[PDB]
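Chemist: Enclosed are the sequence and the experimentally obtained structure.
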There are 4 protein chains.
Amino acid sequence: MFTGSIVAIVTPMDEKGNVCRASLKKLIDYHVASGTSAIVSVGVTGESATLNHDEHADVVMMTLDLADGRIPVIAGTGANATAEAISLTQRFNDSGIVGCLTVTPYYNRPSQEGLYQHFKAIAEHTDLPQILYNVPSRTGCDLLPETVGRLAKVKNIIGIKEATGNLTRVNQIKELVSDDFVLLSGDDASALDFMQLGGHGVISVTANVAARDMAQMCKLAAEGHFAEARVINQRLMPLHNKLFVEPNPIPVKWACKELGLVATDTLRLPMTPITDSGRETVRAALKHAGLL
Amino acid sequence: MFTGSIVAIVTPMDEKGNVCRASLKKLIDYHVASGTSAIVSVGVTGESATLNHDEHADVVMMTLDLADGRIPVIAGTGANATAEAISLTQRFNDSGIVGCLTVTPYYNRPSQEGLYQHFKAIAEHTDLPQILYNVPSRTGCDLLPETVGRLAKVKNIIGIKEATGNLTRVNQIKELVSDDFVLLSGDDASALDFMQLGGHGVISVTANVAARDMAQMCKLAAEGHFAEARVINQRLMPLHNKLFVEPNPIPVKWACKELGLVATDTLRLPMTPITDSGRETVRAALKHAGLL
Amino acid sequence: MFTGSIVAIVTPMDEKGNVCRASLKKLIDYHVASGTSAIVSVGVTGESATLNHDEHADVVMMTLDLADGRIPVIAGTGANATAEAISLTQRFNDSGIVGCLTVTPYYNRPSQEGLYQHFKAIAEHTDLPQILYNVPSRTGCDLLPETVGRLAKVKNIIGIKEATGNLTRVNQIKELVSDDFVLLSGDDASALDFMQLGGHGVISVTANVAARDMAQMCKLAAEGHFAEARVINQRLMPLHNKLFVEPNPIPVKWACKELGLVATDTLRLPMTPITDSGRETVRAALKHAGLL
Amino acid sequence: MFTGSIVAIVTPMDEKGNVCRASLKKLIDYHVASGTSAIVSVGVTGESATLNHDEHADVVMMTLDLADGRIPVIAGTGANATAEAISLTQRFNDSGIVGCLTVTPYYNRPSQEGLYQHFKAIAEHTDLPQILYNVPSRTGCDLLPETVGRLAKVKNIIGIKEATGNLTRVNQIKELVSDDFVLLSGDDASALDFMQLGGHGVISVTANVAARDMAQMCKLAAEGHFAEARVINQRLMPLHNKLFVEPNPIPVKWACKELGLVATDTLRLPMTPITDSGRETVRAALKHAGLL
């Protein structure tokens, strides 16, 4: 549902840069077998930026069909114009996705009030559960805990993917929201810490290639066995870091290809092919995780 | 024209958020009479983020029509997907615009090599002059001088709107590019400094309401009379700062309304109306400038 | 010892700016009665910067005598020259203090290697236990976890006061050091979080005026009762923040005076008297904590 | 003299870390012959941090004696306790120095009002000209233009060494102070830009090894011939950056040794010897400058 290890899944592509169904099916079977709790379809790791809204919807629906009721699917629905966010959200109403992951508007730098009105209008135009998403280093905008508290009073807004890497936010948000409001890390390197402070899981890039370890780590964390969870985190830490050695998802798509999970590591510009030095860096991190 | 005071013009709207032709005409007439060098149509101050490409194109064509050859027009054509930037550029090919202002991809955070490939591809598939546009605080990425140097070798990449507010970039870029490559500030508060270091002009928000002063200040700067340009800049400095007291273009659309230059100050979400405190702060800035 | 709520005690002064013994004794009796685990004497909150080494030693020794074996006393021994740090440390050898709190050199910005050699030489010139102290916003220098791991192999170096406010450091340091190496927060607002991640206590400014609450919070935290600890933290949070509304220790000395714990709130330049607006801000925070 | 190229001179040392008179003499003779405007004795590049006040004073008196009236000498007199700065200043009253360079208190992080009171008190109790010195990355605090404006009204506060590398400060300060208040860069890499914006000179680390070039570059800058000054600056730019590849003055003392200007490159802890990689990087920078 909205708990444990949730993969921010890549959108695997053929050499032409279009979705490759056989590779997507291989990934979804892998996440079912691995114990991944849910899939976020067409977030930033899934190249939401370079897919148009039609292509993006086609991938979400294909992901849903291929999941075949075995694993819940959350759609990325973020947009920097409120009307476009509503419109994109409506494509998925009565579709079968369990919720939406919707980012703070990027580039136009709204105020906290602008953020409130933006997410509130979106929530009012759907019955789908809404997971807020804050990532200031991408967006230029920072959804502060106080505004998260405000928005959590909307029945429809049920959690946050917090990707600042600033762990003080866990308890700042938690004291302001109800006990069933869900706190998800959006930063793999600090995600176990995030959970140790009272977070309920992680929307993860690492999970794309280390799904079993990630699911086991988040289960141990939820059961309070933090020391046993750290043994896994330490195994996974070079990956947590090196999967951003070049802009995400360039590294994780290369790693997927190296593990035979996808046929090609093709991306859409302005993402470019991984460098040679990047390959060797990601290879060593996979080696340290015990996957190669 | 790509020197002097260039206005990043607002897209004036009626109460429903649709472009208001009569207000736009008045603004354009104002810029013709006030000596503004050119108009940037549908950049961030023109709410590029919340217009769809159809409306974006309509506003540019309307600006061209209303300008009626009296003032050059540069279209904002930025996008975070390379194919989308190319497509948008194609809509304006034989439109009458003199050039394009194209931002670094926002949100997806490409590498320097990705930026190179992004802008090279856009440049290839048009004859129109291209002005690069760097604004890290909005985009999450930073086009460094080295990469600006590589891109300046492309014949129709002719300049940069540099909006870091980091003044060391003027001469780091200048030494790496040829003498006819144009360096334009995108940060009103540091713009006079920017020109004094070697910059050729400014793509300005302040120019929306202080067009005559901005034009004279930029001319004095180009003539080397920096002391007499600073006197004007000192009067304009509260405006340079307080036009961003709330997210741009909220303050400047309000200012345009207060001066009678536009019928309403309506914006599209996620921009929201100016607060009372911002009303007061902007009004005092306009009075310091001698505009009220 | 090196655990629980450790107060970074103010150096109370008469109006002439010299240590006031009656006020210091009142504070030490208060910390004994309150359950404070230890006193840090003449750290930054105790105005180490504006006391010369003689005056600073006189205060440490006076604090020790007045403590009278009832509560352990750690001496501040930091200096930005290694030879001065050794010399200051040696004044306290065979004195009765239980350990030293020694800051990364400020102003001269040493390398990580410089930090290693600096603290290693200090440790080799004493039998006293050494607590490393990292506060980049004051010093201009950041002791990274890797170097902390290196230094922890010195028998004599036994813990760190980590005052970054960056909680990722707790587990980065912990995986690199032995299980008896002590992790202390140096940032009151994030200190409970710090403890929840595996920290062993806090060297606290808040403890100066809320010693009982602080001791109870750290005991609850050490016993894993984090939710009961947060009720206290929330009570104490305006203090955690507002005790730095003006430069520390200007606010906490005013608060001490207001609570009748010290006779005067006098400080040495360049610290200046609290502003009127600062008084009312600190008063409200004391009120919220239930102390006024 | 308080314009032009002013060298923040190294304090050359023998293998035991004591001032080496013969190396110092050679440096001073070099600066007299090379057209350096003045010598800052015992600033941070002169290891003020690791000399005690006795040695600090000795080095200044030795510099004065060796200079023998041929070059003006400014003593570093900065301290983080106001009474200590006053005392240090008193040691130099009728010494022959032309002025003092006094840093914002480091570590204790005073307010703007504290900085005002700090520097006003120092100024009151001497007749010597005072140059304020702002370097936030070392000190943890930032003397803002507003406060520089208040302090410039004090008759013997005559200028500022501005080492933010933030070039907007040149004209923010200039408009708030009188025309004979001197604005000096403390950041070699942005110094030419600083002078082009209105600055009068630089207190420079690079000048230790490229004194002739620095003197000519600063003169060309003062004459308004910025293009011909930039050619020199372009040759010096790798030195401007790589003299801080490791903490200053480690690289520059090594460079001085490599050129034969000083007998050894010894420093005092917590500064440590240059690494092999830094040896290589600085040597290539010296060759780019045409010095080897």
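Modeler: Great, that's in hand. Numbers count the residues shown, from 1 in each chain, chains lettered A, B, ... in the order given.
Chemist: tell me which parts of the stretch 51-200 of chain A are close to chain B?
Modeler: With C-beta under 8 Å from any C-beta of the partner chain as the criterion, the stretch 51-200 of chain A meets chain B at residues A:51-52, A:80-84, A:103, A:105-111, A:113-115, A:117-118, A:121, A:137-140. C-betas here are computed from N, CA, C, even on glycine.
Chemist: From the residues you listed, list the ones also adjacent to chain D.
Modeler: By C-beta under 8 Å from any C-beta, no member of those lies near chain D.
Chemist: Filter those residues down to the buried ones.
Modeler: Listed as buried from these are A:51, A:80-84, A:103, A:105-111, A:113-115, A:117-118, A:138-140; burial here means 16 or more other C-beta atoms under 10 Å in any protein chain shown.
Chemist: Among those residues, which ones are in helices?
Modeler: Using DSSP state H, the members of those that fall in helices are A:82, A:83, A:84, A:113, A:114, A:115, A:117, A:118, A:138, A:139.
Chemist: residue contacts, residue A:59?
Modeler: A:11, A:19, A:24, A:41, A:42, A:46, A:51 (C-beta atoms under 8 Å, 6 or more residues apart in numbering or on different chains).
Chemist: gap between it and residue B:135?
Modeler: Residue A:59 is 30 Å from residue B:135, where distance means C-beta to C-beta, to the nearest Å.
Chemist: What is the burial count for the closest residue in space to residue A:112 that isn't next to it in sequence?
Modeler: Nearest residue to residue A:112 in three dimensions, chain neighbours excluded: residue A:147, at 4.6 Å (C-beta to C-beta, 6 or more residues apart in numbering or on different chains). Residue A:147 is flanked by 21 other residues according to other C-beta atoms under 10 Å in any protein chain shown.
Chemist: Tell me if I'm right that residue A:147 and residue A:115 touch.
Modeler: Yes. Counting by C-beta atoms under 8 Å, residue A:147 does reach residue A:115; the two are 5.6 Å apart.
Chemist: Would you mind giving the secondary structure of the residue of the stretch 151-292 of chain A found nearest chain D?
Modeler: Per C-beta to the nearest C-beta, residue A:277 is where the stretch 151-292 of chain A lies closest to chain D, at 18.5 Å. Following DSSP: H, G, I helix; E, B strand; the rest coil, we place residue A:277 in the helix state.
Chemist: can you pull the contacts of it?
Modeler: Residues in contact with residue A:277 (C-beta under 8 Å, 6+ apart): none are found.
Chemist: From residue B:218, how far off is it?
Modeler: From residue A:277 across to residue B:218, the span is 45 Å (C-beta to C-beta).
Chemist: Tell me which stretches of the stretch 101-250 of chain A form strands.
Modeler: Using DSSP state E, counting those that start in this stretch, the strands of the stretch 101-250 of chain A run over A:130-134, A:157-162, A:182-185, A:201-204.
Chemist: Helices - which of the contacts of residue A:59 land there?
Modeler: The helices, defined by DSSP H, take in residue A:24 from the contacts of residue A:59.
Chemist: Show me which pair in the contacts of residue A:59 is furthest apart.
Modeler: Farthest-apart pair in the contacts of residue A:59 is A:24 and A:51; separation 13.3 Å (C-beta to C-beta).
Chemist: Between these two, which contacts overlap?
Modeler: Common neighbours of residue A:24 and residue A:51, using C-beta under 8 Å, 6+ apart, are A:11, A:59.
Chemist: burial count for residue A:276?
Modeler: Residue A:276, neighbours per other C-beta under 10 Å, totals 8.
Chemist: How about the contacts made by it?
Modeler: By C-beta under 8 Å, 6+ apart, residue A:276 has no neighbours at all.
Chemist: can you list the residues of the stretch 101-250 of chain A near chain C?
Modeler: Counting by C-beta under 8 Å from any C-beta, the stretch 101-250 of chain A sits next to chain C at A:165, A:167-168, A:170-171, A:175, A:189-190, A:192-193, A:196-197, A:230, A:234.
Chemist: Between these, which sits nearest chain C?
Modeler: Proximity of these to chain C (C-beta to the nearest C-beta) peaks at residue A:167, which lies at 4.0 Å.
Chemist: The closest one and residue A:192 touch, don't they?
Modeler: No. With contact defined as C-beta under 8 Å, residue A:167 does not count as touching residue A:192 (10.7 Å).
Chemist: Give me the common contacts of those two.
Modeler: Contact criterion C-beta under 8 Å, 6+ apart; residues shared by residue A:167 and residue A:192: none found.
Chemist: Check which residues of the host helix or strand of residue A:30 are buried.
Modeler: In this structure, residue A:30 sits in helix A:21-34 according to DSSP states H and E. Buried positions in helix A:21-34, judged by neighbour count with 16+ other C-beta under 10 Å: A:23, A:24, A:25, A:26, A:27, A:28, A:29, A:30, A:31, A:32, A:34.
Chemist: Wait, the last one touches residue A:209, no?
Modeler: So that's residue A:34. No. Residue A:34 is beyond contact range of residue A:209, at 10.4 Å (criterion: C-beta under 8 Å).
Chemist: returning to what we had before: kindly format the C-alpha coordinates of the helix holding residue A:30 as PDB.
Modeler: What follows is helix A:21-34 as a C-alpha-only set of coordinates in PDB (Å, rounded to 0.1, in the frame of the first residue of the first chain):
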ATOM      1  CA  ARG A  21       7.000  -3.900 -22.600                       C
ATOM      2  CA  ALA A  22       9.100  -7.100 -22.100                       C
ATOM      3  CA  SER A  23      11.600  -5.200 -20.000                       C
ATOM      4  CA  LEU A  24       8.800  -3.600 -17.900                       C
ATOM      5  CA  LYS A  25       7.200  -7.000 -17.300                       C
ATOM      6  CA  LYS A  26      10.500  -8.500 -16.300                       C
ATOM      7  CA  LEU A  27      10.900  -5.700 -13.700                       C
ATOM      8  CA  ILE A  28       7.400  -6.000 -12.300                       C
ATOM      9  CA  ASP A  29       7.700  -9.800 -12.000                       C
ATOM     10  CA  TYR A  30      11.000  -9.100 -10.200                       C
ATOM     11  CA  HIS A  31       9.300  -6.700  -7.700                       C
ATOM     12  CA  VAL A  32       6.500  -9.200  -7.100                       C
ATOM     13  CA  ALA A  33       9.000 -12.000  -6.400                       C
ATOM     14  CA  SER A  34      11.200  -9.600  -4.300                       C
END
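Chemist: Thank you, goodbye.
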